[PDB]
Amino acid sequence: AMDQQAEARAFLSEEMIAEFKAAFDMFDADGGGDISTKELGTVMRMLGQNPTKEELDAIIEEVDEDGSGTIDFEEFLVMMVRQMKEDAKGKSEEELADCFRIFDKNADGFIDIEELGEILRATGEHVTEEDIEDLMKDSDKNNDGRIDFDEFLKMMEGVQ
Ligand SMILES: [Ca+2]
Ligand SMILES: [Ca+2]
């Protein structure tokens with residue numbers, strides 16, 4: 001939708017929008033402003049996105065409700081932006097998992113105040129022992145003294 005399309009544009013820098021167009025145009029000989037739904041996956045992949053086939057199929061079904069077999073550049077930017085958000089969140093969850101495992105030194109599944117202090121101290125920041133204990137306090141939601149992955153994610157993400 002026109003709304004959605006205006007928000008996809010807002011999300012991206014103008015040079016990036018022109019870089020996307022440059023690739024996109026390359027599959028539009030017609031200089032119609034649209035490409036074949038059959039090429040959608042290729043241009044997304046080229047632009048470093050990775051939709052699943054199921055995802056590709058969902059999208060095509062969503063833009064090709066008239067049967068013309070094409071996707072226009074405005075609709076393509078809405079798809080691109082949806083895929084980038086899904087992807088960036090995914091990396092972020094993956095990396096978080098990795099910071100957890102590392103924090104959990106003894107790999108018992110929990111961070112304790114000794115492991116929380118060690119990793120915070122190691123930063124070079126001047127954290128005092130009551131500053132580490134406050135962080136613990138605030139993040140430990142079931143008050144068992146440690147930080148489990150669930151509580152880790154809430155502490156890191158924030159809001160979370
Ligand atoms: Ca541990
Ligand atoms: Ca806890």
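As presented, residues are numbered from 1 along each chain according to the written sequence, a scheme that may differ from that of the entry, and residues lacking coordinates are left out. Whichever chain is written first becomes A and whichever ligand is written first becomes 1, with later ones labelled in order. The side-chain figures draw on all heavy atoms in the structure; neither hydrogens nor water molecules are used.

Caption draft 1: Local environment of the overall build of the chain. Per the convention used, a helix needs a DSSP run of H or I reaching at least four residues, while a strand needs a run of E reaching at least two, with both numbered from the N terminus. When you go through the chain residue by residue, the secondary structure sums to 8 helices and 4 strands. Shown N-terminal to C-terminal, the secondary structure of the chain runs as helices and strands in the order α-α-β-α-α-β-α-β-α-α-β-α. A compact globule built from 160 residues would reach a C-alpha radius of gyration of about 15 Å, whereas the chain, at 23 Å, exceeds it by more than 25%. Across its three principal directions, the C-alpha atoms of the chain cover 65 × 30 × 25 Å. When accessible area is computed with a 1.4 Å probe and restricted to protein chains, residues below 20% of their type maximum are described as buried, those above 50% as exposed, and intermediate ones as partly exposed. Looking at the chain residue by residue over its 160 residues, the buried ones come to 31%. Only heavy atoms matter for contacts: two residues are in contact if any of them lie within 4.5 Å across the pair. Pairs at least 24 residues apart make up 53% of the contacts formed inside the chain by residues separated by at least 6 positions. All accessible areas in this document rest on Shrake-Rupley with a 1.4 Å probe, and a residue is counted as covered only by the protein chains that are shown. When the accessible surface of the chain is split by element, carbon and sulfur atoms take 51% of a total near 10000 Å². Atoms counted for the radius of gyration: C-alpha only. Globule rule: 2.2 Å times the number of residues to the power 0.38.

Caption draft 2: Broad picture of the coordination of the calcium ion (ligand 1). Within the protein, the atoms that donate to the calcium ion (ligand 1) are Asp 104 (OD), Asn 106 (OD1), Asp 108 (OD), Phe 110 (O), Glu 115 (OE) and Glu 115 (OE), at distances of 2.0 to 2.5 Å. In this structure, the calcium ion (ligand 1) is coordinated by 6 donor atoms arranged in irregular fashion, with angles at the metal of 51 to 157 degrees. The donor definition counts N, O and S atoms within 2.8 Å of each metal and applies 3.2 Å to Na, K and Ca; water is not among these atoms, so some sites may look incomplete. Along the chain, the residues that donate to the calcium ion (ligand 1) are spaced as D-x1-N-x1-D-x1-F-x4-E. Overall, the relative accessible area of 45% leaves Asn 106 in the partly exposed class. Among the residues examined, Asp 108 registers a relative accessible area of 39% and is labelled partly exposed. Sites are called tetrahedral only when four donors show all angles between 85 and 135 degrees, square planar or octahedral only when four or six donors show opposite pairs over 155 degrees and all other angles between 65 and 115, and irregular in any remaining case.

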